[PDB]
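Peer 1: Got a file for you: start27.cif, mmCIF, C-alpha atoms.
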```
data_coords
#
loop_
_atom_site.label_atom_id
_atom_site.label_comp_id
_atom_site.auth_asym_id
_atom_site.auth_seq_id
_atom_site.Cartn_x
_atom_site.Cartn_y
_atom_site.Cartn_z
CA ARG A 1 -6.03 -24.49 -19.79
CA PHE A 2 -7.13 -21.56 -17.52
CA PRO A 3 -5.44 -20.55 -14.22
CA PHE A 4 -8.75 -19.89 -12.45
CA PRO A 5 -11.91 -22.02 -12.09
CA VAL A 6 -14.30 -21.87 -15.05
CA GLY A 7 -17.59 -23.56 -15.91
CA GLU A 8 -18.94 -23.10 -12.36
CA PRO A 9 -19.80 -20.43 -9.77
CA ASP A 10 -17.32 -18.66 -7.61
CA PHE A 11 -17.70 -15.99 -5.00
CA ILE A 12 -15.45 -13.22 -6.26
CA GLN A 13 -14.91 -9.49 -6.22
CA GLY A 14 -15.54 -7.05 -9.06
CA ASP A 15 -11.85 -6.64 -10.01
CA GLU A 16 -11.41 -10.43 -10.20
CA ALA A 17 -14.47 -10.63 -12.39
CA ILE A 18 -12.93 -8.03 -14.74
CA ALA A 19 -9.65 -10.01 -14.92
CA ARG A 20 -11.32 -13.38 -15.51
CA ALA A 21 -13.60 -11.91 -18.19
CA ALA A 22 -10.72 -10.15 -19.95
CA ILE A 23 -8.74 -13.39 -20.08
CA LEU A 24 -11.69 -15.52 -21.14
CA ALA A 25 -12.36 -12.91 -23.86
CA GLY A 26 -8.80 -13.45 -25.23
CA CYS A 27 -6.89 -10.51 -23.76
CA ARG A 28 -3.17 -11.36 -23.76
CA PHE A 29 -1.71 -7.95 -23.27
CA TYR A 30 -2.13 -5.68 -20.24
CA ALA A 31 -0.27 -2.47 -19.44
CA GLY A 32 -0.62 -0.54 -16.21
CA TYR A 33 0.71 0.27 -12.75
CA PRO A 34 -0.83 -0.76 -9.39
CA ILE A 35 -3.92 1.34 -8.58
CA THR A 36 -4.56 -0.36 -5.23
CA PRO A 37 -6.50 0.18 -2.98
CA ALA A 38 -8.82 1.64 -5.64
CA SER A 39 -8.30 -1.49 -7.78
CA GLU A 40 -6.76 -4.94 -7.42
CA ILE A 41 -6.73 -5.67 -11.18
CA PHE A 42 -3.00 -5.25 -11.77
CA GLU A 43 -2.12 -8.09 -9.36
CA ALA A 44 -4.70 -10.47 -10.79
CA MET A 45 -3.35 -9.84 -14.33
CA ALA A 46 0.27 -10.12 -13.07
CA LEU A 47 -0.65 -13.55 -11.70
CA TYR A 48 -2.78 -14.84 -14.54
CA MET A 49 -1.10 -13.50 -17.72
CA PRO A 50 2.10 -15.61 -17.50
CA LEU A 51 -0.13 -18.65 -17.02
CA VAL A 52 -1.97 -18.08 -20.33
CA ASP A 53 1.08 -16.90 -22.42
CA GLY A 54 0.16 -13.27 -22.02
CA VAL A 55 2.03 -10.17 -21.01
CA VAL A 56 1.77 -7.64 -18.24
CA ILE A 57 3.90 -4.55 -18.80
CA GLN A 58 4.29 -2.32 -15.77
CA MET A 59 4.50 1.40 -16.45
CA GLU A 60 3.90 4.28 -14.05
CA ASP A 61 3.06 6.90 -16.65
CA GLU A 62 -0.56 6.65 -17.83
CA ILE A 63 0.38 8.01 -21.28
CA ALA A 64 2.92 5.18 -21.64
CA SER A 65 0.52 2.41 -20.57
CA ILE A 66 -2.11 3.44 -23.13
CA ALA A 67 0.49 3.99 -25.91
CA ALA A 68 1.82 0.51 -25.15
CA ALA A 69 -1.63 -1.09 -25.35
CA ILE A 70 -2.19 0.76 -28.70
CA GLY A 71 1.09 -0.63 -30.19
CA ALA A 72 0.34 -4.14 -28.99
CA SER A 73 -3.14 -3.92 -30.56
CA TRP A 74 -1.80 -2.79 -33.94
CA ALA A 75 0.66 -5.61 -33.66
CA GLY A 76 -2.35 -7.98 -33.43
CA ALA A 77 -3.01 -8.47 -29.66
CA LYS A 78 -6.24 -8.05 -27.67
CA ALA A 79 -5.03 -5.33 -25.33
CA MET A 80 -6.15 -3.44 -22.26
CA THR A 81 -4.90 -0.87 -19.79
CA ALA A 82 -6.26 0.37 -16.43
CA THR A 83 -6.16 3.84 -14.90
CA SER A 84 -7.64 5.70 -11.91
CA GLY A 85 -8.90 9.21 -11.04
CA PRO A 86 -6.85 11.81 -12.97
CA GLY A 87 -5.04 9.21 -15.08
CA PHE A 88 -7.90 8.76 -17.57
CA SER A 89 -7.91 12.41 -18.66
CA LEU A 90 -4.13 12.19 -19.35
CA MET A 91 -4.94 9.36 -21.78
CA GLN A 92 -7.72 11.40 -23.46
CA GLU A 93 -5.75 12.38 -26.59
CA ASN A 94 -4.14 8.95 -27.22
CA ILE A 95 -7.50 7.14 -26.78
CA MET A 96 -9.42 7.64 -35.24
CA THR A 97 -7.21 5.48 -36.40
CA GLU A 98 -9.69 2.69 -35.42
CA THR A 99 -7.58 0.80 -32.83
CA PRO A 100 -9.36 -1.94 -30.79
CA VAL A 101 -8.49 -1.53 -27.09
CA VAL A 102 -10.27 -1.79 -23.65
CA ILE A 103 -9.52 0.93 -21.10
CA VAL A 104 -10.62 0.34 -17.49
CA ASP A 105 -11.13 3.67 -15.80
CA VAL A 106 -11.54 3.36 -11.98
CA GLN A 107 -13.67 6.13 -10.46
CA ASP A 108 -18.39 15.85 -24.18
CA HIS A 109 -17.37 12.70 -26.09
CA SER A 110 -18.44 9.95 -28.49
CA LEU A 111 -16.81 6.92 -26.93
CA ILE A 112 -18.50 3.64 -26.21
CA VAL A 113 -18.66 3.35 -22.39
CA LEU A 114 -19.93 0.54 -20.14
CA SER A 115 -20.46 1.21 -16.40
CA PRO A 116 -21.01 -1.94 -14.28
CA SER A 117 -22.79 -1.56 -10.89
CA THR A 118 -22.55 -5.19 -9.77
CA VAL A 119 -19.95 -7.99 -9.89
CA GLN A 120 -22.10 -9.87 -12.46
CA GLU A 121 -22.02 -6.70 -14.62
CA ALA A 122 -18.25 -6.31 -14.12
CA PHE A 123 -17.95 -9.76 -15.65
CA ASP A 124 -20.51 -9.41 -18.48
CA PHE A 125 -19.67 -5.82 -19.38
CA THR A 126 -15.95 -6.71 -19.58
CA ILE A 127 -16.70 -9.43 -22.17
CA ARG A 128 -19.04 -7.05 -23.98
CA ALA A 129 -16.34 -4.35 -24.01
CA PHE A 130 -13.83 -6.62 -25.79
CA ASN A 131 -16.57 -7.72 -28.24
CA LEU A 132 -17.45 -4.08 -29.01
CA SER A 133 -13.84 -2.91 -29.47
CA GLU A 134 -13.25 -5.78 -31.91
CA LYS A 135 -16.65 -5.35 -33.72
CA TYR A 136 -16.25 -1.60 -34.19
CA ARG A 137 -12.40 -1.48 -34.22
CA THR A 138 -12.34 1.15 -31.57
CA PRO A 139 -11.48 2.00 -27.95
CA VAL A 140 -14.11 0.89 -25.38
CA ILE A 141 -14.17 2.32 -21.85
CA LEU A 142 -15.09 0.13 -18.86
CA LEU A 143 -15.90 2.76 -16.25
CA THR A 144 -15.82 1.31 -12.73
CA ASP A 145 -15.11 2.31 -9.10
CA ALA A 146 -13.51 0.92 -5.93
CA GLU A 147 -16.98 -0.01 -4.55
CA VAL A 148 -17.83 -2.28 -7.48
CA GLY A 149 -14.26 -3.58 -7.53
CA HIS A 150 -14.46 -4.80 -3.92
CA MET A 151 -18.06 -6.02 -3.84
CA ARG A 152 -18.27 -9.80 -3.60
CA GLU A 153 -20.90 -11.87 -5.36
CA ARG A 154 -21.33 -15.48 -6.41
CA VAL A 155 -21.29 -15.60 -10.20
CA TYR A 156 -21.29 -18.38 -12.73
CA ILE A 157 -17.99 -18.22 -14.66
CA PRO A 158 -18.78 -19.80 -18.02
CA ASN A 159 -16.74 -22.29 -20.01
CA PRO A 160 -15.03 -20.75 -23.08
CA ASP A 161 -17.41 -22.64 -25.39
CA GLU A 162 -20.35 -20.93 -23.62
CA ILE A 163 -19.09 -17.40 -24.46
CA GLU A 164 -19.64 -15.53 -27.73
CA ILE A 165 -16.36 -13.80 -28.67
CA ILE A 166 -16.12 -11.39 -31.62
CA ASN A 167 -12.66 -10.94 -33.23
CA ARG A 168 -11.63 -7.94 -35.40
CA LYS A 169 -12.12 -8.17 -39.19
#
```
Could you rewrite the structure in this file as structure tokens?
Peer 2:
Amino acid sequence: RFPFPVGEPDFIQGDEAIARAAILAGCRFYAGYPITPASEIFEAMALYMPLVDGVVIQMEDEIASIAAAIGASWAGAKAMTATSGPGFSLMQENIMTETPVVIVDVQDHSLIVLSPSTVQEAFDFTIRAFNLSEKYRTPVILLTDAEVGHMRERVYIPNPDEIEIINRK
């Protein structure tokens, strides 16, 4: 079923952990532009999404990528987008409404925010971020950096049946 190994350990980087988690969590829509070298997530999603009947939409403008993930979500998809540096602040106003979405930000509010510091946390916090956005019908921010994204660690990648997924009411 899945295009990457599951139900066993693998020695992977933080970005790859994010991608695998997002997909295992049921994400089928991703909108973004390359943000390499700061992140390798676009390319992993470009590879994996077609293999699970999901969608990667490529859009330079940060405003467009978030707006696209919002429309997909309202249309019933588990959706995410990824931005870097200044790009997050451009999304600030789009980010009420009660739309479930995960926004990966690389590098005063009342948003739910998870900030992984290890590869294991990049995995687990990504799953938790989808579960929270569905549970509370709201945007959840996964706040990461290029250091975490490129760290390598051996982590157990669970089988689907081992992972608790919450879906929106």
Peer 1: Show me, as number ranges by chain, the residues that have an atom within 10 Å of residue 96 in chain A when counting all atoms listed in the file, minus same-chain residues fewer than 3 positions from it.
Peer 2: A: 99, 137-139
Peer 1: Expanded to explicit residues, what is the PyMOL selection byres ((chain A and resi 152-162) around 6) for this file, as a ChimeraX atom specification?
Peer 2: /A:6-13,151,163
Peer 1: Give me the residues within 9 Å of residue 150 in chain A as a VMD selection string, counting all atoms listed in the file and dropping any in the same chain fewer than 5 places off.
Peer 2: chain A and resid 12 to 16 38 to 40 119 145
Peer 1: So that I can check the surroundings of range 60-76 of chain A, please list as number ranges by chain every protein, DNA and RNA residue that reaches within 7 Å of it, counting all atoms listed in the file and ignoring chain neighbours fewer than 2 positions away.
Peer 2: A: 30-33, 58, 78-81, 83, 87, 90-91, 94, 99-101
Peer 1: I'd like the contact shell of residue 18 in chain A - 8 Å cut-off, only C-alpha atoms, skipping same-chain residues fewer than 2 positions apart - returned as a ChimeraX atom specification.
Peer 2: /A:14-16,20-22,41,122-123,126
Peer 1: Using the selection just defined, write its residues with C-alpha atoms as an mmCIF file, in the coordinates of the input.
Peer 2:
```
data_model
loop_
_atom_site.group_PDB
_atom_site.id
_atom_site.type_symbol
_atom_site.label_atom_id
_atom_site.label_comp_id
_atom_site.auth_asym_id
_atom_site.auth_seq_id
_atom_site.Cartn_x
_atom_site.Cartn_y
_atom_site.Cartn_z
ATOM 1 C CA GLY A 14 -15.540 -7.050 -9.060
ATOM 2 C CA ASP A 15 -11.850 -6.640 -10.010
ATOM 3 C CA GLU A 16 -11.410 -10.430 -10.200
ATOM 4 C CA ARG A 20 -11.320 -13.380 -15.510
ATOM 5 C CA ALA A 21 -13.600 -11.910 -18.190
ATOM 6 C CA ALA A 22 -10.720 -10.150 -19.950
ATOM 7 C CA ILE A 41 -6.730 -5.670 -11.180
ATOM 8 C CA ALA A 122 -18.250 -6.310 -14.120
ATOM 9 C CA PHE A 123 -17.950 -9.760 -15.650
ATOM 10 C CA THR A 126 -15.950 -6.710 -19.580
#
```
Peer 1: For CA of residue 27 in chain A and CA of residue 118 in chain A, quote the distance in Å rounded to one decimal.
Peer 2: 21.7 Å
Peer 1: What's the separation between CA of residue 117 in chain A and CA of residue 55 in chain A, in Å to one decimal place?
Peer 2: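 Interatomic distance, CA of residue 117 in chain A to CA of residue 55 in chain A: 28.2 Å.
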